[PDB]
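Student: Have a look at this one.
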Amino acid sequence: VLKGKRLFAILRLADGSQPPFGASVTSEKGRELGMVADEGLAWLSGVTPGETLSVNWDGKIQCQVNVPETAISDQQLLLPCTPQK
């Protein structure tokens, strides 16, 4: 039961901004880890270490998240929401 679970991700624009409330984080395969539901905190559910999330909100899929191998279960992990441009 502990490879992972569902987790608390902190998604942030590389600028210091936010994929903010409603930031749909789902990899380009549809690895739907979650969506921000306050500031820039998305209650994710099992992010795989080594992925490329896709983060969508008001401006939609604008940044994507680079998931490093330091991903973890049932804990907080802030992640790089890097713009496509």
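Chain identifiers are assigned as A, B, and so on, following the order in which chains appear in the structure tokens; residues are numbered from 1 within each chain, and ligands are numbered from 1 in order of appearance.
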Taking only C-alpha atoms into account, produce a table as JSON lines in which each residue of region 47-83 of chain A with an atom at most 7 Å from an atom of region 2-25 of chain A appears once, together with its shortest atom pair and the distance in Å to one decimal, ordered by chain and rising number.

Tutor:
```
{"residue": "A:53", "atom": "CA", "partner": "A:25", "partner_atom": "CA", "distance": 5.8}
{"residue": "A:54", "atom": "CA", "partner": "A:25", "partner_atom": "CA", "distance": 5.2}
{"residue": "A:55", "atom": "CA", "partner": "A:25", "partner_atom": "CA", "distance": 4.3}
{"residue": "A:56", "atom": "CA", "partner": "A:24", "partner_atom": "CA", "distance": 4.7}
{"residue": "A:57", "atom": "CA", "partner": "A:23", "partner_atom": "CA", "distance": 4.7}
{"residue": "A:72", "atom": "CA", "partner": "A:4", "partner_atom": "CA", "distance": 6.7}
{"residue": "A:73", "atom": "CA", "partner": "A:4", "partner_atom": "CA", "distance": 4.4}
{"residue": "A:74", "atom": "CA", "partner": "A:7", "partner_atom": "CA", "distance": 4.1}
{"residue": "A:75", "atom": "CA", "partner": "A:7", "partner_atom": "CA", "distance": 5.3}
{"residue": "A:76", "atom": "CA", "partner": "A:8", "partner_atom": "CA", "distance": 4.4}
{"residue": "A:77", "atom": "CA", "partner": "A:9", "partner_atom": "CA", "distance": 4.9}
{"residue": "A:78", "atom": "CA", "partner": "A:10", "partner_atom": "CA", "distance": 4.0}
{"residue": "A:79", "atom": "CA", "partner": "A:11", "partner_atom": "CA", "distance": 4.9}
{"residue": "A:80", "atom": "CA", "partner": "A:12", "partner_atom": "CA", "distance": 5.7}
{"residue": "A:81", "atom": "CA", "partner": "A:13", "partner_atom": "CA", "distance": 4.5}
{"residue": "A:82", "atom": "CA", "partner": "A:14", "partner_atom": "CA", "distance": 5.6}
```

Student: Go ahead and save the picked residues with N, CA and C atoms, as a PDB file, in the first residue's frame.

Tutor:
```pdb
ATOM      1  N   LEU A  53       3.897  16.434 -16.183  1.00  0.00           N
ATOM      2  CA  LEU A  53       2.534  16.884 -15.963  1.00  0.00           C
ATOM      3  C   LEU A  53       2.108  17.902 -16.993  1.00  0.00           C
ATOM      4  N   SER A  54       0.809  18.049 -17.157  1.00  0.00           N
ATOM      5  CA  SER A  54       0.284  19.152 -17.926  1.00  0.00           C
ATOM      6  C   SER A  54      -0.717  19.927 -17.094  1.00  0.00           C
ATOM      7  N   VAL A  55      -0.451  21.216 -16.900  1.00  0.00           N
ATOM      8  CA  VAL A  55      -1.222  22.010 -15.964  1.00  0.00           C
ATOM      9  C   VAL A  55      -2.117  23.022 -16.690  1.00  0.00           C
ATOM     10  N   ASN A  56      -3.418  22.916 -16.425  1.00  0.00           N
ATOM     11  CA  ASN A  56      -4.435  23.646 -17.157  1.00  0.00           C
ATOM     12  C   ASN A  56      -5.305  24.487 -16.228  1.00  0.00           C
ATOM     13  N   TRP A  57      -5.539  25.754 -16.558  1.00  0.00           N
ATOM     14  CA  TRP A  57      -6.512  26.499 -15.766  1.00  0.00           C
ATOM     15  C   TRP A  57      -7.285  27.542 -16.601  1.00  0.00           C
ATOM     16  N   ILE A  72       6.736  11.686  -3.651  1.00  0.00           N
ATOM     17  CA  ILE A  72       6.462  10.942  -2.437  1.00  0.00           C
ATOM     18  C   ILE A  72       4.954  10.790  -2.218  1.00  0.00           C
ATOM     19  N   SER A  73       4.578   9.924  -1.283  1.00  0.00           N
ATOM     20  CA  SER A  73       3.179   9.599  -1.039  1.00  0.00           C
ATOM     21  C   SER A  73       2.631  10.332   0.183  1.00  0.00           C
ATOM     22  N   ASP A  74       1.355  10.750   0.106  1.00  0.00           N
ATOM     23  CA  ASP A  74       0.654  11.362   1.256  1.00  0.00           C
ATOM     24  C   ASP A  74       1.418  12.521   1.901  1.00  0.00           C
ATOM     25  N   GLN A  75       2.308  13.162   1.161  1.00  0.00           N
ATOM     26  CA  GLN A  75       3.057  14.287   1.711  1.00  0.00           C
ATOM     27  C   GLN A  75       3.072  15.445   0.725  1.00  0.00           C
ATOM     28  N   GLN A  76       3.601  16.583   1.162  1.00  0.00           N
ATOM     29  CA  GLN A  76       3.661  17.755   0.308  1.00  0.00           C
ATOM     30  C   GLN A  76       4.912  17.731  -0.549  1.00  0.00           C
ATOM     31  N   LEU A  77       4.781  18.172  -1.788  1.00  0.00           N
ATOM     32  CA  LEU A  77       5.914  18.262  -2.678  1.00  0.00           C
ATOM     33  C   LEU A  77       5.673  19.384  -3.657  1.00  0.00           C
ATOM     34  N   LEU A  78       6.507  20.400  -3.607  1.00  0.00           N
ATOM     35  CA  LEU A  78       6.324  21.481  -4.541  1.00  0.00           C
ATOM     36  C   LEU A  78       6.972  21.118  -5.873  1.00  0.00           C
ATOM     37  N   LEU A  79       6.328  21.494  -6.963  1.00  0.00           N
ATOM     38  CA  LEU A  79       6.769  21.075  -8.280  1.00  0.00           C
ATOM     39  C   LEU A  79       6.853  22.250  -9.256  1.00  0.00           C
ATOM     40  N   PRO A  80       7.814  22.161 -10.198  1.00  0.00           N
ATOM     41  CA  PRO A  80       8.050  23.187 -11.212  1.00  0.00           C
ATOM     42  C   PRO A  80       7.019  23.173 -12.338  1.00  0.00           C
ATOM     43  N   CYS A  81       6.201  24.211 -12.328  1.00  0.00           N
ATOM     44  CA  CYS A  81       5.248  24.505 -13.387  1.00  0.00           C
ATOM     45  C   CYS A  81       5.925  25.416 -14.398  1.00  0.00           C
ATOM     46  N   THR A  82       6.489  24.780 -15.411  1.00  0.00           N
ATOM     47  CA  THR A  82       7.271  25.465 -16.419  1.00  0.00           C
ATOM     48  C   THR A  82       6.418  25.755 -17.647  1.00  0.00           C
TER      49      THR A  82
END
```

Student: Hey, what does DSSP flag as strand (DSSP E or B) within region 2-58 of chain A? Can you give it to me as a PDB file with N, CA and C atoms, in the first residue's frame?

Tutor:
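Written file, selection_16.pdb:
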```
ATOM      1  N   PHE A   8      -0.079  15.820  -1.536  1.00  0.00           N
ATOM      2  CA  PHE A   8      -0.299  17.269  -1.509  1.00  0.00           C
ATOM      3  C   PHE A   8       0.764  17.964  -2.364  1.00  0.00           C
ATOM      4  N   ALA A   9       0.407  18.413  -3.553  1.00  0.00           N
ATOM      5  CA  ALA A   9       1.412  19.030  -4.412  1.00  0.00           C
ATOM      6  C   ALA A   9       1.299  20.544  -4.420  1.00  0.00           C
ATOM      7  N   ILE A  10       2.448  21.202  -4.476  1.00  0.00           N
ATOM      8  CA  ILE A  10       2.491  22.651  -4.549  1.00  0.00           C
ATOM      9  C   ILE A  10       3.036  23.069  -5.909  1.00  0.00           C
ATOM     10  N   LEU A  11       2.153  23.435  -6.813  1.00  0.00           N
ATOM     11  CA  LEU A  11       2.584  23.710  -8.163  1.00  0.00           C
ATOM     12  C   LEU A  11       2.867  25.194  -8.309  1.00  0.00           C
ATOM     13  N   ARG A  12       4.040  25.515  -8.823  1.00  0.00           N
ATOM     14  CA  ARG A  12       4.430  26.926  -8.946  1.00  0.00           C
ATOM     15  C   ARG A  12       5.061  27.239 -10.306  1.00  0.00           C
ATOM     16  N   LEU A  13       4.592  28.320 -10.955  1.00  0.00           N
ATOM     17  CA  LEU A  13       5.268  28.863 -12.103  1.00  0.00           C
ATOM     18  C   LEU A  13       6.702  29.131 -11.732  1.00  0.00           C
ATOM     19  N   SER A  24      -5.469  22.094 -13.316  1.00  0.00           N
ATOM     20  CA  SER A  24      -5.551  20.701 -13.701  1.00  0.00           C
ATOM     21  C   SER A  24      -4.176  20.157 -14.042  1.00  0.00           C
ATOM     22  N   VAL A  25      -3.616  19.354 -13.158  1.00  0.00           N
ATOM     23  CA  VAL A  25      -2.360  18.704 -13.446  1.00  0.00           C
ATOM     24  C   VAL A  25      -2.601  17.254 -13.873  1.00  0.00           C
ATOM     25  N   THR A  26      -2.309  17.007 -15.151  1.00  0.00           N
ATOM     26  CA  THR A  26      -2.454  15.687 -15.750  1.00  0.00           C
ATOM     27  C   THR A  26      -1.421  15.537 -16.838  1.00  0.00           C
ATOM     28  N   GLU A  32      -3.672  11.970 -14.384  1.00  0.00           N
ATOM     29  CA  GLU A  32      -4.366  13.021 -13.694  1.00  0.00           C
ATOM     30  C   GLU A  32      -4.067  12.956 -12.216  1.00  0.00           C
ATOM     31  N   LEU A  33      -3.082  13.731 -11.810  1.00  0.00           N
ATOM     32  CA  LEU A  33      -2.680  13.742 -10.422  1.00  0.00           C
ATOM     33  C   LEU A  33      -3.617  14.625  -9.615  1.00  0.00           C
ATOM     34  N   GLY A  34      -4.073  15.755 -10.176  1.00  0.00           N
ATOM     35  CA  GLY A  34      -5.025  16.561  -9.413  1.00  0.00           C
ATOM     36  C   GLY A  34      -5.265  17.955  -9.963  1.00  0.00           C
ATOM     37  N   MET A  35      -5.769  18.849  -9.096  1.00  0.00           N
ATOM     38  CA  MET A  35      -6.132  20.238  -9.460  1.00  0.00           C
ATOM     39  C   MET A  35      -5.995  21.131  -8.253  1.00  0.00           C
ATOM     40  N   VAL A  36      -5.435  22.320  -8.448  1.00  0.00           N
ATOM     41  CA  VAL A  36      -5.272  23.246  -7.325  1.00  0.00           C
ATOM     42  C   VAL A  36      -6.633  23.615  -6.761  1.00  0.00           C
ATOM     43  N   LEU A  41      -2.094  25.009  -4.389  1.00  0.00           N
ATOM     44  CA  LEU A  41      -2.010  23.689  -3.796  1.00  0.00           C
ATOM     45  C   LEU A  41      -3.016  22.756  -4.455  1.00  0.00           C
ATOM     46  N   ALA A  42      -2.526  21.787  -5.206  1.00  0.00           N
ATOM     47  CA  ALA A  42      -3.421  20.793  -5.773  1.00  0.00           C
ATOM     48  C   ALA A  42      -3.333  19.519  -4.959  1.00  0.00           C
ATOM     49  N   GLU A  51       7.948  12.425 -14.322  1.00  0.00           N
ATOM     50  CA  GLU A  51       6.903  12.628 -15.330  1.00  0.00           C
ATOM     51  C   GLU A  51       6.937  14.011 -15.910  1.00  0.00           C
ATOM     52  N   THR A  52       6.056  14.225 -16.872  1.00  0.00           N
ATOM     53  CA  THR A  52       5.807  15.551 -17.344  1.00  0.00           C
ATOM     54  C   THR A  52       4.304  15.857 -17.303  1.00  0.00           C
ATOM     55  N   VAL A  55      -0.451  21.216 -16.900  1.00  0.00           N
ATOM     56  CA  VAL A  55      -1.222  22.010 -15.964  1.00  0.00           C
ATOM     57  C   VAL A  55      -2.117  23.022 -16.690  1.00  0.00           C
ATOM     58  N   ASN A  56      -3.418  22.916 -16.425  1.00  0.00           N
ATOM     59  CA  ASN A  56      -4.435  23.646 -17.157  1.00  0.00           C
ATOM     60  C   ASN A  56      -5.305  24.487 -16.228  1.00  0.00           C
TER      61      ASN A  56
END
```

Student: To one decimal place, how far is CA of residue 62 (chain A) from CA of residue 40 (chain A) in Å?

Tutor: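 Between CA of residue 62 (chain A) and CA of residue 40 (chain A) the gap works out to 14.2 Å.
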